[PDB]
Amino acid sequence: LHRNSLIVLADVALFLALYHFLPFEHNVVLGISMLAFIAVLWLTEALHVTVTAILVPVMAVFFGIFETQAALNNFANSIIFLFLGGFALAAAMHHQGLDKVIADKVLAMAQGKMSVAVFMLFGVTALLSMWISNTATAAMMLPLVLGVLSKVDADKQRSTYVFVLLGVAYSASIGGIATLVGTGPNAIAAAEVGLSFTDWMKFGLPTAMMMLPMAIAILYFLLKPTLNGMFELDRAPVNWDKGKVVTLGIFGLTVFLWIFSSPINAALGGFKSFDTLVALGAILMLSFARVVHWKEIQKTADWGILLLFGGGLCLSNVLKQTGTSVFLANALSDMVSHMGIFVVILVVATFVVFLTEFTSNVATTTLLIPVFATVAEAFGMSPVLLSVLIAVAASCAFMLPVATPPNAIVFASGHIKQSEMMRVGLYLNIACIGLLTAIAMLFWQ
């Protein structure tokens, strides 16, 4: 009777149709029929993203592609645990309130000026986003933004107070493209192609450094009247208490090990997923040092996403095993040889940057990385380039809300118009397709 129940039933119909009607070797038919079924479910979201992720192994198994245990093993991938270490690290500095003090210490550096208030609001949002999450950083920044935008209160003076709301909503998304922890898509890329923490930072951080100024400049050069205003530093000040220096101490130590993983691990005997161990070592240090309880981590951890990760890895392996990856490469062979590498990565970048407006970031990456990376491997090219690209471009959701929660968070502020965001995003989207295709070209040789 419901909308989504029909989408699912239409999909069951579609699968059945593709299964009985495609003219190929049985394995490829099954692989294509599955890929379409799952592609629908993750884009429409008729079933919850994670329910769909669970549906993958259960299909793979029932259709004899993998044995039950083999399929489930996907969910214990070392990157998944790295990301859990991220959640525990976040959980710690949120319960401790080290995120609050980083906001105040930097916000009060601005004596009382609105010009150097919002420029220090975006800089903190993105810095805090590197380690925490996007949705979490947005929900945490909202009250701190509304607090500052109450002196220039006049909402007939909207464009002073919309530049700042839409500004952090993007700064949360751009801050994610910095490190391996931060947003889901990055983790999915790293798991697929086998990236280290320091590897994804070499790609991502420069792109964040490039993108944040570029994004503000676009918001600025639309309708900003913010060179005027005064401050209202209204609430109790902050101070380093029982081991906020300790949480920062562990955090610092962890990040130090993550960056210097290459020489530290090499000169340690070369353990396998060193970054994952570090991330679990973090969970251990935070508990021995007593700085955060487990119940806290169990609330903060998004087990839904953790499961989603493995759901996509299962899919990736479904594509290989059925030979669907190689069949698609064969079908695209003529098209891709006719296309220049510039043309390809421009088409890819454009495809995601706009697709990501309709569906969740992860939901699109969890679908697209498997397809592209495995097809890239059939072409015998390094699946890294396309993957990192997709992972970054997925986090470029700037147009409507429902694209990312950070967009819907600053939108529920019952103030910003649908039309307004839709056109700043349409500019920033094109701006990014440029920047990415540019940087993706530069990172070739």
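One rule holds for the numbers: they count along the sequence shown, beginning at 1.
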key: Mean Cα B-factor comparison, 175 to 183 or 116 to 124, giving the higher one as deposited   = 116 to 124
inquiry  = Tell me which stretch has the larger mean Cα B-factor in this entry, 419 to 427 or 11 to 19.
reply    = 419 to 427
remark   = Reading the B-factor column for Cα atoms of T135, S337, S273, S325, the highest value belongs to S337
ask   = From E192, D241, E357, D302, pick the one with the largest CA B-factor in the entry?
value = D241
query = Taking the C-alpha B-factors as the PDB entry records them, is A91 in the lowest, middle or highest third of its chain?
reply = middle
request  = Tell me, lowest, middle or highest third: where does the Cα B factor of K320 rank within its chain?
outcome  = lowest
ask   = With respect to C-alpha B-factor, does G380 fall in the lowest, middle or highest third of the chain as deposited?
value = highest
ask   = Considering only modelled residues of the same chain, in which third does the CA B-factor of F288 rank: lowest, middle or highest?
value = highest
message = Based on the deposited C-alpha B factors for this chain, I'd like to know if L165 is in the lowest, middle or highest third.
response = middle
